[PDB]
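Trainee: Line by line, the protein sequences are chains e, C, D, Y and V. Taken in order, the first sequence gives residues 17 to 25, 34 to 65; the numbers are from PDB author numbering. Just remember that PDB author numbering sits 20 ahead of the position in the second sequence, which is counted from 1. Just remember that PDB author numbering sits 70 ahead of the position in the third sequence, which is counted from 1. Just remember that PDB author numbering sits 9 ahead of the position in the fourth sequence, which is counted from 1. Just remember that PDB author numbering sits 57 ahead of the position in the fifth sequence, which is counted from 1. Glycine included, each C-beta is placed from N, C-alpha and C at the ideal position. I'd like to ask you about the structure that follows.
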Amino acid sequence: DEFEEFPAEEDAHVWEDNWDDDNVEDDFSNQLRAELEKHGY
Amino acid sequence: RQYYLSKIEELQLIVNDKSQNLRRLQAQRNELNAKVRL
Amino acid sequence: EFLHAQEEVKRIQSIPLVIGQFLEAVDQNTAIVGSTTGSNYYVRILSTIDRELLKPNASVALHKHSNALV
Amino acid sequence: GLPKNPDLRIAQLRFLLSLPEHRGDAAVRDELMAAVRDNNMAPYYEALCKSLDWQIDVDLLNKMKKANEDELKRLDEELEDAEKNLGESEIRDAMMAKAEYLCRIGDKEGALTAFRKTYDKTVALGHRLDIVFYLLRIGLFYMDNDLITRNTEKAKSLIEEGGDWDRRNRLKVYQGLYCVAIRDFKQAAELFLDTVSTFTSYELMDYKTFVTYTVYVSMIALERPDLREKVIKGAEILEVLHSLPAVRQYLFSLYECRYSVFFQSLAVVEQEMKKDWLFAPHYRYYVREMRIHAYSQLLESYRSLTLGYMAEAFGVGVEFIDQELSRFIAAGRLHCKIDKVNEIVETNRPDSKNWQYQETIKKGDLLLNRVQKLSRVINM
Amino acid sequence: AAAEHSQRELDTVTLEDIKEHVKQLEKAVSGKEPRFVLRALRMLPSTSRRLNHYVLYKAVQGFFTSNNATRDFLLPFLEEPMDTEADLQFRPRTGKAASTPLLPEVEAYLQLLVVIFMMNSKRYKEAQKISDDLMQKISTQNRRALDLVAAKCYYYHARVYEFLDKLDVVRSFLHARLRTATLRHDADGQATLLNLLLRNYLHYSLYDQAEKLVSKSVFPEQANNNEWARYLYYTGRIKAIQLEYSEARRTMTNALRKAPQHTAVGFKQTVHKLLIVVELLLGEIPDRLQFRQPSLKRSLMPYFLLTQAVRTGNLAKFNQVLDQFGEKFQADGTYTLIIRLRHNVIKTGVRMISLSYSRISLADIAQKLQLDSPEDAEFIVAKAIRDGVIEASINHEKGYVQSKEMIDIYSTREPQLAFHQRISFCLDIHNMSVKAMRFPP
């Protein structure tokens, strides 16, 4: 019972990727270094 | 004339479904009676 | 009526009962049991009792009147 | 036991060279060039030159090509001699040697087809296992997911028919490495913990590297009781960690709830993990999961805590801890909510009954959707 | 050539298939059960393929053959094979069987085969006449079973007018046929006709008309899961356009759940597109897996970019994806909804803030949502609270937004209501399963 009325119109990774993976940000080491030097002084 | 055709059609479908329900009820009763007799 | 029949089935295995020794199964709902009276009887078995618990030595409780295994 | 061909160190060095900050590195280049010139690896030299836009040395390349050609002629001559004068065992050994040389000199497709032909001609079960392990090593070297999966299935089936414990342990190590490669960290931790006491696959990596991988993956996978029982109290793990103070500190900081040291060690571990050829794409995911794990572990023992307390415990500022907490709650990872007016995080851990009711609702909804679909299918 | 012989072999197995189908139709006629008809039309799509000109020629020369006007109508519309050596006389009807007029089921099924084959040959005008003749023949027939078959051809009729790009010269006819089915109390025909009419309405953008009808007409529950899915998708589109976003999301989720597993790639793709758009309108980030499915990866990739842009809060990225792929949305019929989301992005940020924090002040909300002024933040949070997206209250005396404290739901009546719905569904399922029991005589 196919629905032919509606026409049926690289990154080949197997693991499930969560939305946060797409979010861009600096490395955690950089963030930790920045926070450490901010709170150090 | 379409009176009779429509009426007998609706009556035929309802009597068909009622006969099917009666058959299944007959079978259910037969199973219950077999259990009781056993 | 089915509920009444089940109630009677339960009423069959009612106090008092006579202890015997289940001697040997013969077939479905049929066995030989050695009662404590001192005699062996060829009796029937209620369908309620599982057929796996009837070891050829395990003690069973029988109806006082008909001696049937209950 | 098994030969180190192909060398995974070569793949690690190539990946490190492909990295931006290590693209201009020289020591990696020197070590890789030394490995290639010790192995006379011409086709992989061409592949690396075209991938990295390197300037090919014509003299060295021609010497490598001539050496490969004469060696291949020698193996072909030995194969012909075995076919003419000897039995199937000698021709089999010659074909295995040819395939091994093809894989050694960096040929991918040639090694694949030669090993496939050998497997077609291979009869002895141990030799079939060895050929399948060679194919698995090649797939790991080239990160060929389909090849690795197919060869893993083949090896599992072969071991199920007939499997010695040594080859089964090696297959466990390979499966753990692949599971790490596909971010399936739970299975990787299972396999690495099962194989840590009897690790013999030194061709894949050294014992210390395997143990560091095991510690990382077990930390990201196991809960607190399992981590304490199998990793914190692990005999061999502790023995090797005595020679790895950084990894030991990283592991023990989270278990001992020393969260500032844990965060610093996690930054170090992330820096190590970025350069790793095998843990490459999952370093952000691993770091995020570790941050979530630390936050949840701290919040498990508290009902309501000031944001300053977390800032002091993790050795960070209030703003950073607030931002990370908000991001992780928004993703539904931490059972808490923040009161920024008082700057207090209040945990919202469901009780046993509430969690059981929610799980019942979810599972029953799925089962009832299945039941409705089935009934509508069958009742016409 | 042996290729033509193998073609003849598959043709005669298709002949056996259609013979089995017409036998099932006659068994339904003489067995007082319409389920055999449903099974025949279930096997119908499978045999809609594997056919050619000679298959249908041998079909129409095996059945009918009563010298009726049917032969004069369907034979000229298709080609005929030559004097083949294998002149296997395929005659399912022998003597009295061929003497009696064909039942409406079998003639309707074979004429349906003609129209679908003609459509597969992509000459729509030729199929137009055969469809018109088919529905002139079946209009007068009042057979209950034929309605099932009628239902199917109904759909096919609308289908052909899709390739004729008119869709309007038949709207009144579909209205009248739907009304006739409604007075006949038919289930399948009424449902499929409602679905086709809704599709026509949305193709001509008459959303108010569709909303009026779905408010007036009632979709029969005891219908096909396929027709149910189509109706749910159309209703979800209606409610999404009518701003009833939550009900639209629920209806489209139900439609996706009732999709034919993996049979309709295009319908599933369209449903996923619309569901993603409406869920974004609600402020909920959709499931990531939707974008990584093998069949829906490229189709939803522009929607992946849209979701990433809105979740990141970068309105510049939103405008950029509008510039490049937004035109595709017009082909997908979602551009207006995408503009609504462009102007409703901030709802997602407000929902995120409500989820994470519990007593966040207005100034902090404005800072975290890029809002210029705290008063604008007050307005936005109050509107979001009123519109059923947030569960907070703003203490305007000192300007903090206190979320409604979470109460132990298991101590409330909500679990009882959920269990009541589940129990009612389970009891209804048991009643339906035991109710038929299909014990034959």
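Mind pulling the chain V residues with CB within less than 7 Å of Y366 (chain Y)?
Mentor: Position 357 of the fourth sequence holds residue 366 (chain Y). What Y366 (chain Y) touches in chain V: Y467, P472.
Trainee: Taking only beta carbons into account, state which residues of the stretch 40 to 52 of chain e come closer than 9 Å to chain Y, listed in chain order.
Mentor: So the list reads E40, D41, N42, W43, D44, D45, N47, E49, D51, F52, given in the order they occur along the chain.
Trainee: Under DSSP, the alpha helix (DSSP H) around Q81 (chain V) begins and ends at which residues?
Mentor: On the fifth sequence, position 24 is the one that residue 81 (chain V) refers to. Here the alpha helix (DSSP H) through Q81 (chain V) covers 59 to 88.
Trainee: Is the CB-CB distance between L134 (chain Y) and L180 (chain Y) below 9 Å?
Mentor: Walking along the fourth sequence from the start, residue 134 (chain Y) turns up at place 125. Walking along the fourth sequence from the start, residue 180 (chain Y) turns up at place 171. Cβ atoms of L134 (chain Y) and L180 (chain Y): not closer than 9 Å.
Trainee: Between the alpha carbons of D41 (chain e) and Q473 (chain V), how many angstroms are there, rounded?
Mentor: Numbered from 1 along the first sequence, position 17 holds the residue referred to as residue 41 (chain e). Numbered from 1 along the fifth sequence, position 416 holds the residue referred to as residue 473 (chain V). Taking the straight line from one Cα to the other gives about 37 Å.
Trainee: Does the stretch 101 to 118 of chain V come within contact of the stretch 69 to 83 of chain V, defined as at least 3 CB pairs closer than 8 Å?
Mentor: A contact exists between the stretch 101 to 118 of chain V and the stretch 69 to 83 of chain V.
Trainee: Can you tell me whether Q387 (chain V) is helix, strand or coil according to DSSP?
Mentor: What you label residue 387 (chain V) is simply residue 330 of the fifth sequence in a count that begins at 1. Helix, per DSSP.
Trainee: Per the contact definition of three or more C-beta pairs closer than 8 Å, is the stretch 324 to 342 of chain V in contact with the stretch 289 to 307 of chain V?
Mentor: Yes, the stretch 289 to 307 of chain V touches the stretch 324 to 342 of chain V.
Trainee: At a Cβ threshold of 9 Å, is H302 (chain Y) touching chain e?
Mentor: Position 293 of the fourth sequence, counting from 1, holds the residue named residue 302 (chain Y). No, its Cβ sits nowhere closer than 9 Å to a Cβ of chain e.
Trainee: In the DSSP output, what is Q459 (chain V) paired with across the bridge?
Mentor: Here residue 459 (chain V) refers to the residue found at position 402 when the fifth sequence is read from its first residue. Answer by DSSP bridge pairing, in chain order: V:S450.
Trainee: Give the straight-line distance between the Cα atoms of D102 (chain Y) and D90 (chain Y), rounded to the nearest whole angstrom.
Mentor: As a first step, residue 102 (chain Y) must be located in the fourth sequence, where it is residue number 93. As a first step, residue 90 (chain Y) must be located in the fourth sequence, where it is residue number 81. In a straight line, the C-alpha of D102 (chain Y) is about 12 Å away from that of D90 (chain Y).
Trainee: Let me know if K362 (chain Y) comes out buried or exposed under the rule of 16 or more other beta-carbons within 10 Å of its beta-carbon.
Mentor: Numbered from 1 along the fourth sequence, position 353 holds the residue referred to as residue 362 (chain Y). With fewer than 16 other Cβ atoms within 10 Å, it is exposed.
Trainee: Using Cβ-Cβ distances below 8 Å, what residues of the stretch 244 to 263 of chain V are close to chain e?
Mentor: Taking 8 Å as the Cβ-Cβ cut-off against chain e, the residues of the stretch 244 to 263 of chain V that qualify are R256.
Trainee: For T405 (chain V), count neighbouring Cβ atoms within 10 angstroms of its own Cβ and tell me buried if that reaches 16, exposed if not.
Mentor: Indexing the fifth sequence from 1 puts residue 405 (chain V) at position 348. Looking at its Cβ environment, which holds 16 or more other Cβ atoms inside 10 Å, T405 (chain V) is buried.
Trainee: Could you tell me which of V:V117, V:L224, V:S196 sits nearest to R236 (chain V), measuring between CA atoms?
Mentor: In the fifth sequence, residue 236 (chain V) corresponds to position 179, counting from 1. Of V:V117, V:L224, V:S196, the residue nearest in Cα terms is V:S196.
Trainee: Does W286 (chain Y) pass the burial test, meaning 16 or more other C-beta atoms within 10 Å, or should it be called exposed?
Mentor: Here the question's residue 286 (chain Y) lines up with position 277 in the fourth sequence. Under this definition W286 (chain Y) is a buried residue.
Trainee: Which residues mark the beginning and the end of the alpha helix (DSSP H) in which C345 (chain Y) is found?
Mentor: If you number the fourth sequence from 1, residue 345 (chain Y) lands on position 336. Careful: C345 (chain Y) lies outside any alpha helix (DSSP H), inside the beta strand (DSSP E) at 345 to 348.
Trainee: When the Cα atoms are used, what is the spatial distance from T469 (chain V) to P359 (chain Y)?
Mentor: As a working note, residue 469 (chain V) is residue 412 in the fifth sequence. As a working note, residue 359 (chain Y) is residue 350 in the fourth sequence. Straight-line Cα distance between these residues: approximately 15 Å.
Trainee: Going by other Cβ atoms of all chains shown within 10 Å of its Cβ, with 16 needed for buried, is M192 (chain V) buried or exposed?
Mentor: The residue given as residue 192 (chain V) occupies position 135 in the fifth sequence. By the 10 Å Cβ count, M192 (chain V) comes out buried.
Trainee: Less than 8 Å between the CB atoms is what I'm expecting for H133 (chain D) and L87 (chain D), so what's the real figure, rounded?
Mentor: One-based indexing of the third sequence puts residue 133 (chain D) at position 63. One-based indexing of the third sequence puts residue 87 (chain D) at position 17. Their Cβ separation, rounded to whole angstroms, is 7 Å, which keeps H133 (chain D) and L87 (chain D) in contact under 8 Å.
Trainee: Which residue marks the beginning of the alpha helix (DSSP H) containing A190 (chain Y), and which one marks its end?
Mentor: Counting from one through the fourth sequence, the residue named residue 190 (chain Y) turns up at place 181. First-last of the alpha helix (DSSP H) with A190 (chain Y): 174 to 190.
Trainee: Taking 9 Å as the CB-CB limit, is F482 (chain V) close to chain Y?
Mentor: Locating residue 482 (chain V) in the fifth sequence gives position 425, counting from the first residue. Yes - at least one Cβ of chain Y is within 9 Å of the one on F482 (chain V).
Trainee: In angstroms with no decimal places, state the Cα-to-Cα distance between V217 (chain V) and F174 (chain V).
Mentor: Here residue 217 (chain V) refers to the residue found at position 160 of the fifth sequence. Here residue 174 (chain V) refers to the residue found at position 117 of the fifth sequence. Using only the alpha carbons, I get a separation of about 12 Å.
Trainee: By alpha-carbon positions, which one of Y:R297, Y:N378, Y:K371 ends up nearest to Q55 (chain e)?
Mentor: On the first sequence, position 31 is the one that residue 55 (chain e) refers to. The shortest Cα separation from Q55 (chain e) among Y:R297, Y:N378, Y:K371 belongs to Y:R297.
Trainee: Name the DSSP beta bridge partners of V113 (chain D), please?
Mentor: One-based indexing of the third sequence puts residue 113 (chain D) at position 43. Paired residues: D:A101.
Trainee: What do you get for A244 (chain V), buried or exposed, if any count of 16 or more other CB atoms within 10 angstroms of its CB means buried?
Mentor: Taking the first residue of the fifth sequence as position 1, residue 244 (chain V) is located at position 187. With 16 or more other Cβ atoms within 10 Å, it is buried.
Trainee: What number of angstroms, rounded off, separates the C-alpha of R314 (chain V) from the C-alpha of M463 (chain V)?
Mentor: What you label residue 314 (chain V) is simply residue 257 of the fifth sequence in a count that begins at 1. What you label residue 463 (chain V) is simply residue 406 of the fifth sequence in a count that begins at 1. Approximately 30 Å between the Cα atoms of the pair.
Trainee: Need the endpoints of the beta strand (DSSP E) that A116 (chain V) sits in, please.
Mentor: In the fifth sequence, residue 116 (chain V) corresponds to position 59, counting from 1. No beta strand (DSSP E) holds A116 (chain V); the alpha helix (DSSP H) holding it covers 110 to 119.
Trainee: Which chain Y residues are close to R314 (chain V), counting only those with a beta carbon under 7 Å from its beta carbon?
Mentor: Here residue 314 (chain V) refers to the residue found at position 257 of the fifth sequence. Result: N378.
Trainee: Nearest-angstrom Cα distance between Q46 (chain C) and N252 (chain V)?
Mentor: Looking up residue 46 (chain C) in the second sequence gives position 26. Looking up residue 252 (chain V) in the fifth sequence gives position 195. One C-alpha to the other measures close to 39 Å.
Trainee: Using a Cβ distance threshold of 8 Å, determine whether the stretch 212 to 231 of chain Y contacts the stretch 249 to 256 of chain Y, with at least three qualifying pairs required.
Mentor: These segments touch.
Trainee: Let me confirm a value: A198 (chain Y) is counted as buried when at least 16 other C-beta atoms fall within 10 Å, else exposed. Which label applies?
Mentor: Position 189 of the fourth sequence, counted from the start, is the residue given in the question as residue 198 (chain Y). When all chains shown are included, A198 (chain Y) counts as buried.
Trainee: With 16 other CB atoms within 10 Å as the buried threshold, where does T209 (chain Y) fall?
Mentor: Position 200 of the fourth sequence, counting from 1, holds the residue named residue 209 (chain Y). Exposed, because fewer than 16 other Cβ atoms sit within 10 Å of the Cβ of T209 (chain Y).
Trainee: Enumerate, from N- to C-terminal direction, the unbroken alpha helix (DSSP H) stretches of 4 or more residues contained entirely within the stretch 199 to 245 of chain Y.
Mentor: Taking only runs of at least 4 residues, the alpha helix (DSSP H) segments lying wholly in the stretch 199 to 245 of chain Y are 216 to 230, 233 to 236.
Trainee: Does the beta-carbon of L203 (chain V) have 16 or more other beta-carbons within 10 angstroms, so that it is buried, or is it exposed?
Mentor: Position 146 of the fifth sequence holds residue 203 (chain V). By the neighbour-count rule (16 or more Cβ atoms within 10 Å), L203 (chain V) is buried.
Trainee: With distance defined between alpha-carbon atoms, name the residue in Y:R159, Y:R113, Y:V325 nearest to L17 (chain Y).
Mentor: For the purposes of this step, residue 17 (chain Y) is identified with residue 8 of the fourth sequence, where counting begins at 1. It is Y:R113 whose Cα lies nearest to the Cα of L17 (chain Y).
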